[PDB]
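Undergrad: Please find one structure pasted underneath; my questions will follow.
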Amino acid sequence: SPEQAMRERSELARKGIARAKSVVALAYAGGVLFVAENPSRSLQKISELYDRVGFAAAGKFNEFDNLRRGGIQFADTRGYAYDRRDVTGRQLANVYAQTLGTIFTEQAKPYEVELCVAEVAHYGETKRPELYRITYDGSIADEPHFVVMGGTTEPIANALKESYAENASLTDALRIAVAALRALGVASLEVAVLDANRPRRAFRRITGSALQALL
Amino acid sequence: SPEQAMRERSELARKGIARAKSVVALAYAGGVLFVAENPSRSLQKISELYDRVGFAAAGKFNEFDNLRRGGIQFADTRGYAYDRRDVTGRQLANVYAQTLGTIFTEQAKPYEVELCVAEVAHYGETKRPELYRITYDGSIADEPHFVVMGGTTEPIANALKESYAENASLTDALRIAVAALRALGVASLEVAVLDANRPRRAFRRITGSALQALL
Amino acid sequence: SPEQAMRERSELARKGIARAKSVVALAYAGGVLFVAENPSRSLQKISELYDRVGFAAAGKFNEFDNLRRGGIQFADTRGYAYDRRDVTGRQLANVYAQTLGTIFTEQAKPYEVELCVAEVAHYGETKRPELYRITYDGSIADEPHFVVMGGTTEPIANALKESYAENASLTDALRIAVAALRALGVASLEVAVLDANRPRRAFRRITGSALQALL
Amino acid sequence: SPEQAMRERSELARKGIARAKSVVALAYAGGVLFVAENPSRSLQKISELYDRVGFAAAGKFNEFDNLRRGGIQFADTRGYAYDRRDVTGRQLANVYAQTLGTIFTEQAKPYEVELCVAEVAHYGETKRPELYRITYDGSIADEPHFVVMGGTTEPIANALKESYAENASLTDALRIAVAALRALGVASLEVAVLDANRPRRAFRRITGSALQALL
Amino acid sequence: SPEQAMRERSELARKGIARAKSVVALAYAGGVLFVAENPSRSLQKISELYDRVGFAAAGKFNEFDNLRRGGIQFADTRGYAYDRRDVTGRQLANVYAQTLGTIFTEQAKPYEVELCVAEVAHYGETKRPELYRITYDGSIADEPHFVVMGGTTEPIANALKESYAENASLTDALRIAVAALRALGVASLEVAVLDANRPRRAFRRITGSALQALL
Amino acid sequence: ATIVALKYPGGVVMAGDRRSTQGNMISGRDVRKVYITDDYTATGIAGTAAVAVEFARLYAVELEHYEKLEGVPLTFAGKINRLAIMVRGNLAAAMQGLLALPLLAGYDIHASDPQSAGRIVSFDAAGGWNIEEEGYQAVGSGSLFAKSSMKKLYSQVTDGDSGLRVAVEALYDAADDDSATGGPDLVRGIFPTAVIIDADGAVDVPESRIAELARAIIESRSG
Amino acid sequence: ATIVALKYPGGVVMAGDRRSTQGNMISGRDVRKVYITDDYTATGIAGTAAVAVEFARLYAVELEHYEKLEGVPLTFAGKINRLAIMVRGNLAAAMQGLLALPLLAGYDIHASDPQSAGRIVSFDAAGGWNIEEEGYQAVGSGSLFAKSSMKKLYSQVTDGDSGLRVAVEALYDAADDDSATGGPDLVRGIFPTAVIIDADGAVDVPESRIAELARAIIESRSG
Amino acid sequence: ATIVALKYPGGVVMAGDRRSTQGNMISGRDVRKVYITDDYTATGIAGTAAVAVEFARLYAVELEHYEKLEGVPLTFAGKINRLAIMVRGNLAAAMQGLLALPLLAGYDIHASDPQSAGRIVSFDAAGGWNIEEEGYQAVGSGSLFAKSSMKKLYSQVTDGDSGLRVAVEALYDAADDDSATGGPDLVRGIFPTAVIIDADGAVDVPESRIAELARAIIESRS
Amino acid sequence: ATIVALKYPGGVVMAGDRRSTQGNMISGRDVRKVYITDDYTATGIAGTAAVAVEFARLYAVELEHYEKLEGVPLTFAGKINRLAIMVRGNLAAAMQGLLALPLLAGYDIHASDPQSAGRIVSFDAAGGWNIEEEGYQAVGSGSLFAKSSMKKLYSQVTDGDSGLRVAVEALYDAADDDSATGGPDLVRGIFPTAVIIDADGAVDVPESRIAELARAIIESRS
Amino acid sequence: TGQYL
Amino acid sequence: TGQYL
Amino acid sequence: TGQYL
């Protein structure tokens with residue numbers, strides 16, 4: 001029965017996704033901000049993908065890190081084969097959607113993962129940040145303001161719905177994101193930005209004492 | 001039992017085809033017009049296939065985009081191996097029919113897709129636009145005036161049956177197609193044409209302010 | 001059980017062969033005449049195989065077109081490997097029989113097809129037209145006068161049994177074939193001949209206004 | 001259960017062997033005589049295998065023709081690899097036995113075939129004709145006088161038992177063989193000989209008017 | 001059912017891990033100390049992995065020795081491909097986690113193993129010892145003070161919880177570790193250190209009379 | 001060898017000589033070098049005899065094969081391409097002395113103006129091709145003499161027959177100034193071969209016609 | 001052969017001669033060496049005729065193929081890269097004497113200043129490329145004479161027309177000092193070919209305009 | 001070596017000498033160079049002895065193999081093609097010195113006129129073939145002398161016998177002007193071999209007849 | 001090296017010398033170059049010593065292998081063919097200086113006339129073979145002298161023994177005119193080896209008989 | 001299924 | 001099945 | 001089955 005296997009796989013995955021920490025990504029004046037609840041110091045859920053394309057995930061670590069690696073592979077092979085400015089967040093999002101659909105229909109167990117691909121404009125350029133959310137089945141959604149992944153997404157999504165403000169500075173967006181995430185110190189937060197002002201590589205982690213000052 | 005598997009696969013596919021947005025393609029004075037109901041700005045359901053051959057689809061995005069890519073591959077390999085004027089909409093339609101039949105009988109799940117291949121004459125040439133509809137099983141039908149794909153096709157097909165007029169201009173055919181499709185602004189429509197008057201590449205999207213003026 | 005699978009496959013195929021349009025092929029003064037009931041303008045059920053060997057089929061289009069292509073492949077590879085006058089209708093018929101038997105016993109679903117291979121003599125030569133019918137299992141039968149394939153074959157076969165006349169001209173054989181087939185205009189008929197008088201390539205379609213004059 | 005599969009395969013094959021026309025092969029003064037009941041003019045059940053080795057079969061045409069082809073392949077590869085006078089009817093019979101045993105145990109369906117390999121002496125040489133019968137399982141039997149294959153073998157075998165005479169001429173052996181086979185004109189008989197008097201290629205068909213005179 | 005297979009595999013493995021001797025690893029002034037209860041003289045459960053990275057395991061010997069070998073392979077291929085100081089305990093731990101997860105989901109039987117990867121700083125460098133524990137499923141945990149593997153871990157873990165002291169000398173940490181392990185002479189103990197003071201290769205076994213003096 | 005081809009108002013004509021040599025030795029007095037590859041194209045091949053006959057045969061097979069699979073002949077452009085790809089494929093063997101150069105004449109049924117639907121296409125050893133626009137082409141050892149003859153004689157071409165005579169004369173001059181090209185043999189009665197393609201397809205000129213044209217030329221020069 | 005390309009305020013122009021030779025022999029009087037590979041680029045190829053035409057064809061196919069798959073043309077940088085990779089791929093055959101060098105003109109729609117969005121890119125046999133900054137480039141046997149002409153004539157370039165005139169003149173001097181480059185044939189009416197690319201895409205200059213420019217130059221030289 | 005073949009009214013005849021050399025040294029005095037590949041074709045092969053006998057044998061096998069599989073011999077065109085493909089296959093070895101050239105004589109049963117159903121076909125090292133129209137062909141080191149002899153003697157050919165005599169004579173002149181071609185050896189009794197093909201198939205001419213013709217020639221020239 | 005073979009009424013005899021050299025240096029005084037490959041054949045091999053002994057060994061293995069699989073020896077024709085294929089396979093190495101040429105003697109049990117069932121077969125480096133018709137053959141550096149000796153001595157061959165004596169003498173002359181072929185060494189007592197094949201199979205001639213014949217020849221010439 | 005002719 | 005002879 | 005010896 002295609003219907004019972006579809007529904008059952010769906011439940012399996014959605015469980016494992018709610019069975020994990022929460023990550024948020026939101027647009028602010030200088031680009032995009034990733035704020036994840038992460039206790040470990042070695043295992044990370046936010047990553048550079050390409051010059052202006054960032055990546056956050058929530059679920060089963062070995063699998064979304066498998067996707068992290070595959071995406072890095074893809075982006076670099078394209079950038080070298082054509083050029084750096086040709087790889088876009090949109091292509092990456094699309095590849096993740098195809099791959100999660102193929103995994104969801106063909107492999108034994110579906111990837112209990114939820115992905116967010118983020119992109120900002122190039123240096124000295126003007127364009128709105130783009131957020132895409134790719135779910136375990138292959139579905140892809142275009143988000144204008146913020147993405148919330150993993151755990152219980154309703155309260156965080158609503159708190160962000162009340163607190164969100166376009167063109168908020170880095171400190172304000174960090175306060176809003178940590179606040180809505182609570183609905184945690186520098187020893188339990190993974191924070192990174194896609195700073196649109198950097199010349200080439202936009203991704204930049206905010207850790208330690210600098211993070212301490214920001215929050 | 002071949003009969004139960006055939007009937008069941010048929011139902012599975014037809015459901016997922018009615019479980020999607022609606023696309024229309026109709027002949028007008030300057031060629032063929034594709035009008036699809038599409039909210040996303042990145043995901044598209046209308047595409048150039050070759051110089052004078054266009055393509056619209058309705059169903060499951062990853063699969064009809066798989067077919068989109070396969071068809072592009074085919075057409076370019078032929079055009080290079082023989083010549084550009086040898087690839088015809090008829091060959092393409094036939095390949096899609098063979099491939100959807102093989103998928104429908106051999107793969108685990110049938111492609112919940114519905115295809116429309118369109119062709120116009122070459123520049124300075126005279127010939128009627130050809131529309132073909134390829135269904136999920138491999139069946140192929142020759143349409144003289146318009147094709148309606150995906151969702152509930154009856155009301156749109158009937159509204160077009162009353163409103164259709166051969167040699168309608170671009171604006172009239174757009175009004176007829178949007179009207180029959182309603183049975184939506186520039187932010188929820190994907191509109192493209194196979195303009196028979198272009199010298200080589202006939203496919204041409206109509207978006208933004210130009211689309212705004214046309215409708 | 002070999003018996004139940006054999007009988008069931010037999011029924012499956014014979015159903016899908018009766019579940020299709022009707023084709024006739026008959027001998028007349030100038031060679032052999034194929035007359036098929038075919039509404040489409042792109043999809044064809046009559047084809048040249050080699051210089052003097054023609055081919056008609058009835059069933060599932062993708063499959064008998066698969067056989068059409070395979071036969072073309074075979075005949076040309078032989079003609080080039082040895083010579084043109086070595087490929088005979090008899091070899092072709094035999095290959096189709098082997099292939100339909102192998103398909104009927106080894107593949108999941110039997111080919112719901114019925115084939116007729118026709119041959120005439122070479123130019124300036126004298127010899128009677130040969131008709132062979134190959135059925136879905138691999139059986140091959142030698143016909144002296146006419147072959148009827150697909151749909152309900154009894155009334156057409158009987159009407160031909162009363163109307164057939166050896167050495168009938170092209171127009172008489174066309175009238176007899178259309179009449180017995182009725183038991184349809186140029187927009188619903190596919191008509192071709194194996195004209196024994198042509199120097200090399202004997203197959204020749206009769207369409208449009210010339211067909212209009214003949215019938 | 002090995003016993004049920006063995007017995008069932010045995011029945012399957014023996015049925016399809018009795019479900020076919022009858023062939024006889026008998027020794028006469030000039031060599032060996034094959035007389036088969038065969039209506040078709042293109043499909044044959046008697047064949048040259050090598051210079052002095054002939055072959056007759058009864059069952060399913062595509063399969064014993066598969067064996068015919070395999071045997072031709074074998075004999076020629078040996079004759080070229082070693083020499084012509086090294087290929088013997090005995091080797092051929094043995095290969096057919098091995099192959100029919102392997103088919104009978106390993107393939108899905110057993111070959112519903114019955115084979116007879118015949119050999120005569122070389123030119124200007126003296127030696128008795130050898131007949132071997134290979135059955136569907138791989139069994140091989142050495143016959144001194146005649147082999148009867150396919151259909152109901154009892155009445156034909158008995159009629160031959162009363163009529164057989166060693167060193168009968170070609171005409172008498174033809175009368176005896178046709179008579180015992182009846183227990184049919186030139187339009188329903190396939191007749192050939194392994195004429196021991198030919199210099200190299202001993203196999204020789206007797207058809208048409210010459211056959212008419214002989215019978 | 002994914003849930004029943006997951007739970008059952010979990011129980012299988014956890015049993016085989018409690019069905020084995022106990023190993024402890026703890027930080028002390030000069031680096032990290034491994035103390036295992038091991039009767040054999042040839043079979044070992046503590047091993048050098050790379051210059052400053054050590055390894056202890058508990059479970060089924062053939063499997064954790066398979067992992068031992070794989071890890072050695074990995075570390076040396078990296079060290080040669082890039083450089084020695086680039087291989088870190090963190091990479092190794094991560095590889096073991098990926099591999100034990102893949103084994104736990106894909107192989108027939110899960111590896112009834114529990115791993116501990118240890119790392120110290122380089123020579124003349126200052127940094128805290130890092131202990132990682134990798135469990136049979138792929139889970140990885142960052143330990144600040146000590147790891148206990150195999151057998152009944154509760155009493156040993158608690159005794160260590162009371163006795164542990166940071167910057168304990170080698171003799172004190174040995175007494176604490178043997179005492180908490182009892183909760184055994186040089187003929188039943190496998191003792192090794194990751195001595196941070198060594199110039200390059202930090203791993204060093206303490207056996208025989210030197211071990212006798214230390215305890 | 002020498003094979004000329006020239007367009008005339010409404011069609012194309014293609015003629016070739018008959019000699020085949022081995023060094024200074026005359027080995028074949030009646031080789032046919034111009035084939036009818038299909039109802040609207042003829043192909044001449046100069047060069048190595050084996051490679052030549054092979055090219056012609058295989059190309060004819062390929063044109064007709066695609067025609068049977070797709071139900072419509074390739075466009076003249078596709079035909080040009082396939083021939084070019086074959087020629088490019090023989091390049092290594094050509095550098096090893098098995099060179100074969102084809103000259104392709106065709107009548108484009110899809111061209112706009114029927115009076116200029118004739119087509120002549122020439123190839124080099126590396127597979128490149130040119131569509132001739134000065135109204136004639138030739139290939140083989142006598143090609144230069146043939147072209148230099150047609151440059152002057154071509155204003156006389158006004159129809160099918162005049163174009164045929166000009167072809168035969170061009171061949172006569174090729175043979176007149178080059179020994180590897182055979183002229184009309186009046187003793188044995190062997191004349192060039194000719195193919196004419198127009199709106200109705202390709203037909204072989206029957207040998208008699210080529211005979212009378214040849215004897216008219218010869219009689220004209222004897223005087 | 002000789003193909004010149006020069007930027008002008010607002011666009012780029014690219015012109016090429018028509019002759020094709022074999023040794024000292026003039027074999028083609030009307031070859032077209034400048035193609036429009038896409039709405040914003042044009043590609044000239046000097047060198048072996050086969051390799052040249054094929055490069056142009058296959059490159060156009062690849063640009064358009066990626067455009068159909070991704071829904072957006074590559075950046076000018078990506079195009080440069082793909083062309084370079086093709087050229088690098090032909091390197092072995094180029095050492096075997098099948099060398100083909102492309103000169104790529106394009107109009108970058110994404111550049112900041114429209115008046116200087118013109119782009120000229122030159123390649124060597126080993127696939128390395130270089131973005132020209134002194135405003136003009138050329139390739140082929142006449143390239144040195146063409147460049148030495150444009151160096152002096154380039155201060156006169158102020159718009160699309162003057163740039164076209166300067167292009168035609170540079171070709172005239174290439175041909176004037178080198179025999180493998182054909183000049184304007186006034187007898188047969190065959191003139192260089194030209195492509196103009198600006199904000200609105202790429203268009204072929206109609207022959208008449210090139211004719212008038214050539215006749216102006218010729219009347220200027222003779223007094 | 002030298003192998004001549006000539007058509008006569010109603011048939012074809014094919015004859016070959018008997019010598020085989022290694023440089024200036026005479027190594028074989030009775031080699032047979034003309035085989036009966038099938039009931040209507042004979043094949044002569046000049047050149048490297050090994051490659052020659054292989055070609056002949058393998059070709060006979062292939063003709064007969066297709067005949068057994070399909071139940072009907074190839075047309076004369078198909079036979080020509082297969083032989084040509086073999087010859088083309090030996091091209092690399094031929095450039096490396098192992099060259100073998102075949103001359104194929106056949107009787108086409110399917111031809112329209114029986115009196116001209118004879119067929120002679122010649123091959124080059126590159127596998128190209130040519131159907132001979134001047135009524136005769138030859139191959140081998142003595143081929144030029146043999147052809148130049150038959151050009152003059154061929155008006156005398158009117159039947160099977162006269163055609164046979166002309167064949168033997170052409171061989172005699174080949175041998176007369178070339179040392180690698182052996183002539184009739186009266187001392188040992190070794191004469192050229194001959195095959196005659198007509199409407200009834202291919203038969204070997206018995207040695208005695210070739211002996212008698214050779215003696216007639218020899219007395220004619222003394 | 002030199003290996004002679006000659007047919008006598010009723011059988012065949014095959015003899016070979018014993019020397020093996022490296023340039024001008026005599027390296028082996030007792031090599032055996034004639035093997036009994038099976039009950040009715042004997043193989044001599046001239047050329048490179050390694051390739052020679054290897055050929056002989058492998059060929060014997062192959063003959064006997066087919067015999068065990070099929071239950072009957074190949075015909076003499078099949079044996080000839082397999083040996084020829086083995087020779088053709090060494091052609092690449094022979095052009096690189098590892099040449100080995102075999103001379104094959106056999107007694108055909110299936111022949112019609114027993115008195116002429118003897119068989120001699122010679123091979124070239126290119127695998128082609130030839131059945132000798134002049135009653136004798138030889139191979140090796142002394143082969144020309146041996147053949148020119150047997151041409152004159154062969155009318156004396158009337159049985160097994162006279163045929164053996166003629167063989168030994170032919171060897172004596174080969175050695176007499178060529179330095180790479182060893183003659184009978186009376187000092188060390190080393191004589192040519194000989195094999196006789198007739199209706200009853202192949203047997204090695206015991207040394208004493210060869211010693212006798214050698215001493216008779218040497219006495220005759222003094 | 002489908003594609004019947 | 002079929003093809004019985 | 002069969003072929004017993």
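Residue numbers start at 1 in each chain; chains themselves are named A, B, ... in the order of the structure tokens; ligands are numbered from 1 in the order shown.
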For residue 187 of chain C, work out the shell of residues within 10 Å, counting only C-alpha atoms and skipping chain neighbours fewer than 5 positions away, then give it as a ChimeraX atom specification.
TA: /C:37-41,207-208,212
Undergrad: List the spatial neighbours of segment 112-128 of chain D as a ChimeraX atom specification - criterion: any atom at most 9 Å away, only C-alpha atoms, same-chain residues fewer than 3 positions off excluded.
TA: /D:12-17,25,27,31-32,49,51-61,63-64,85,88-90,92-93,96,100,109,131-136,144,147-150,194-200,202
Undergrad: Keeping N, CA and C atoms for every residue in the selection just given, could you write it to a file as a short mmCIF file (atom, residue, chain, number, x, y, z; two decimals), in the first residue's frame?
TA:
data_model
loop_
_atom_site.label_atom_id
_atom_site.label_comp_id
_atom_site.auth_asym_id
_atom_site.auth_seq_id
_atom_site.Cartn_x
_atom_site.Cartn_y
_atom_site.Cartn_z
N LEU D 12 5.08 -32.21 -17.94
CA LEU D 12 5.06 -31.00 -18.77
C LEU D 12 5.72 -31.24 -20.12
N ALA D 13 6.98 -31.71 -20.10
CA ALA D 13 7.71 -31.91 -21.35
C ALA D 13 7.09 -33.00 -22.21
N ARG D 14 6.77 -34.15 -21.61
CA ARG D 14 6.30 -35.28 -22.41
C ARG D 14 4.99 -34.94 -23.09
N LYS D 15 4.15 -34.16 -22.41
CA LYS D 15 2.93 -33.65 -23.02
C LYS D 15 3.23 -32.85 -24.29
N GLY D 16 4.07 -31.82 -24.17
CA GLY D 16 4.36 -30.97 -25.32
C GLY D 16 5.10 -31.68 -26.44
N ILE D 17 5.74 -32.81 -26.14
CA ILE D 17 6.34 -33.63 -27.19
C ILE D 17 5.27 -34.46 -27.89
N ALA D 25 13.22 -41.38 -38.75
CA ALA D 25 14.53 -41.48 -39.37
C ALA D 25 14.91 -42.95 -39.41
N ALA D 27 17.49 -46.20 -41.38
CA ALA D 27 18.64 -46.54 -42.19
C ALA D 27 18.21 -47.26 -43.45
N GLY D 31 22.27 -44.64 -46.90
CA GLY D 31 22.56 -43.86 -45.71
C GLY D 31 21.41 -43.81 -44.72
N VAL D 32 20.91 -42.61 -44.44
CA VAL D 32 19.79 -42.41 -43.52
C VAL D 32 18.75 -41.51 -44.18
N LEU D 49 23.84 -30.83 -39.91
CA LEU D 49 24.68 -30.36 -38.81
C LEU D 49 26.14 -30.24 -39.21
N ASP D 51 29.32 -32.21 -42.10
CA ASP D 51 29.51 -32.92 -43.36
C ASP D 51 28.68 -34.20 -43.45
N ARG D 52 28.78 -35.08 -42.44
CA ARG D 52 28.08 -36.36 -42.48
C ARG D 52 27.07 -36.52 -41.36
N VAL D 53 26.74 -35.46 -40.63
CA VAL D 53 25.89 -35.56 -39.45
C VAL D 53 24.63 -34.75 -39.71
N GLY D 54 23.47 -35.42 -39.62
CA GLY D 54 22.17 -34.80 -39.78
C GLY D 54 21.40 -34.77 -38.46
N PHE D 55 20.26 -34.08 -38.48
CA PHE D 55 19.56 -33.72 -37.25
C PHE D 55 18.07 -33.61 -37.52
N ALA D 56 17.26 -34.27 -36.69
CA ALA D 56 15.81 -34.09 -36.75
C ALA D 56 15.27 -33.88 -35.35
N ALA D 57 14.13 -33.21 -35.26
CA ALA D 57 13.61 -32.82 -33.96
C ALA D 57 12.10 -32.72 -34.01
N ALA D 58 11.51 -32.82 -32.82
CA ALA D 58 10.07 -32.73 -32.65
C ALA D 58 9.76 -32.10 -31.30
N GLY D 59 8.97 -31.04 -31.35
CA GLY D 59 8.49 -30.39 -30.16
C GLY D 59 8.07 -28.97 -30.45
N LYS D 60 8.61 -28.06 -29.65
CA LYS D 60 8.43 -26.61 -29.75
C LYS D 60 9.45 -25.99 -30.70
N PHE D 61 9.00 -25.36 -31.80
CA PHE D 61 9.92 -25.01 -32.88
C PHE D 61 11.04 -24.08 -32.42
N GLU D 63 12.50 -23.81 -29.73
CA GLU D 63 13.52 -24.40 -28.86
C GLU D 63 14.40 -25.38 -29.61
N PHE D 64 13.80 -26.31 -30.37
CA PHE D 64 14.65 -27.22 -31.11
C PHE D 64 15.39 -26.52 -32.24
N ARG D 85 37.06 -34.14 -40.21
CA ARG D 85 36.85 -35.55 -39.90
C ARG D 85 36.93 -35.86 -38.42
N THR D 88 32.24 -35.84 -34.93
CA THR D 88 31.51 -37.08 -35.12
C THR D 88 30.09 -36.89 -34.58
N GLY D 89 29.16 -37.72 -35.05
CA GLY D 89 27.80 -37.66 -34.54
C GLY D 89 27.73 -37.93 -33.05
N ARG D 90 28.68 -38.72 -32.55
CA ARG D 90 28.70 -39.09 -31.14
C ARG D 90 28.95 -37.89 -30.24
N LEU D 92 28.36 -34.76 -30.98
CA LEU D 92 27.19 -33.89 -31.08
C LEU D 92 26.07 -34.40 -30.18
N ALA D 93 25.76 -35.69 -30.28
CA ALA D 93 24.73 -36.28 -29.43
C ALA D 93 25.03 -36.02 -27.96
N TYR D 96 24.30 -32.41 -26.94
CA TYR D 96 22.86 -32.19 -26.82
C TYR D 96 22.32 -32.77 -25.52
N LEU D 100 20.54 -30.54 -22.74
CA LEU D 100 19.14 -30.77 -22.38
C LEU D 100 18.99 -31.15 -20.91
N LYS D 109 11.40 -23.56 -17.45
CA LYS D 109 10.60 -24.53 -18.14
C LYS D 109 11.48 -25.50 -18.92
N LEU D 131 22.24 -43.91 -35.32
CA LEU D 131 21.15 -43.06 -34.90
C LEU D 131 21.18 -42.93 -33.39
N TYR D 132 21.06 -41.71 -32.90
CA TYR D 132 20.95 -41.47 -31.47
C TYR D 132 19.68 -40.67 -31.24
N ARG D 133 18.96 -40.99 -30.16
CA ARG D 133 17.82 -40.19 -29.72
C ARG D 133 18.15 -39.56 -28.37
N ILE D 134 18.00 -38.24 -28.28
CA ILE D 134 18.20 -37.49 -27.05
C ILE D 134 16.84 -36.98 -26.60
N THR D 135 16.46 -37.31 -25.37
CA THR D 135 15.17 -36.88 -24.83
C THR D 135 15.35 -35.61 -23.98
N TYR D 136 14.21 -35.07 -23.51
CA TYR D 136 14.18 -33.73 -22.90
C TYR D 136 15.03 -33.62 -21.64
N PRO D 144 19.54 -48.86 -33.61
CA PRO D 144 20.23 -49.57 -34.70
C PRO D 144 19.54 -49.37 -36.05
N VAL D 147 14.43 -44.26 -35.64
CA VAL D 147 13.98 -43.42 -34.54
C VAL D 147 12.66 -42.80 -34.94
N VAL D 148 11.71 -42.77 -34.00
CA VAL D 148 10.44 -42.09 -34.20
C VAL D 148 10.27 -41.05 -33.09
N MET D 149 9.96 -39.82 -33.49
CA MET D 149 9.88 -38.72 -32.55
C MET D 149 8.56 -37.99 -32.69
N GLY D 150 8.04 -37.52 -31.55
CA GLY D 150 6.89 -36.64 -31.48
C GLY D 150 5.55 -37.28 -31.77
N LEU D 194 20.69 -38.45 -45.73
CA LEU D 194 22.13 -38.41 -45.49
C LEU D 194 22.72 -39.43 -46.46
N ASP D 195 22.94 -38.99 -47.70
CA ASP D 195 23.40 -39.86 -48.77
C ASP D 195 24.87 -40.17 -48.54
N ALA D 196 25.19 -41.44 -48.25
CA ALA D 196 26.57 -41.81 -47.97
C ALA D 196 27.47 -41.72 -49.19
N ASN D 197 26.92 -41.51 -50.38
CA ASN D 197 27.72 -41.55 -51.59
C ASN D 197 28.27 -40.19 -51.99
N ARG D 198 27.77 -39.10 -51.40
CA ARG D 198 28.25 -37.77 -51.73
C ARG D 198 29.70 -37.66 -51.27
N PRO D 199 30.51 -36.87 -51.97
CA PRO D 199 31.93 -36.75 -51.57
C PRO D 199 32.14 -36.11 -50.20
N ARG D 200 31.49 -34.97 -49.92
CA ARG D 200 31.73 -34.30 -48.65
C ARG D 200 30.44 -34.06 -47.87
N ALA D 202 26.92 -34.67 -47.15
CA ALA D 202 26.01 -35.80 -47.36
C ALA D 202 24.53 -35.43 -47.30
#
Undergrad: Atom CA of residue 36 of chain I and atom CA of residue 207 of chain I are how many Å apart?
TA: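 It comes out at 16.0 Å.
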Undergrad: Go through segment 10-184 of chain C and collect every residue that DSSP, computed from the backbone, puts in strand (DSSP E); the answer should be as a PyMOL selection string.
TA: chain C and resi 23-28+31-37+46-50+53-59+113-119+130-134+140-143+146-149
Undergrad: For a test of reading the model, state the distance in Å between atom CA of residue 82 of chain F and atom CA of residue 52 of chain G, rounded to one decimal.
TA: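 Atom CA of residue 52 of chain G lies at a distance of 17.7 Å from atom CA of residue 82 of chain F.
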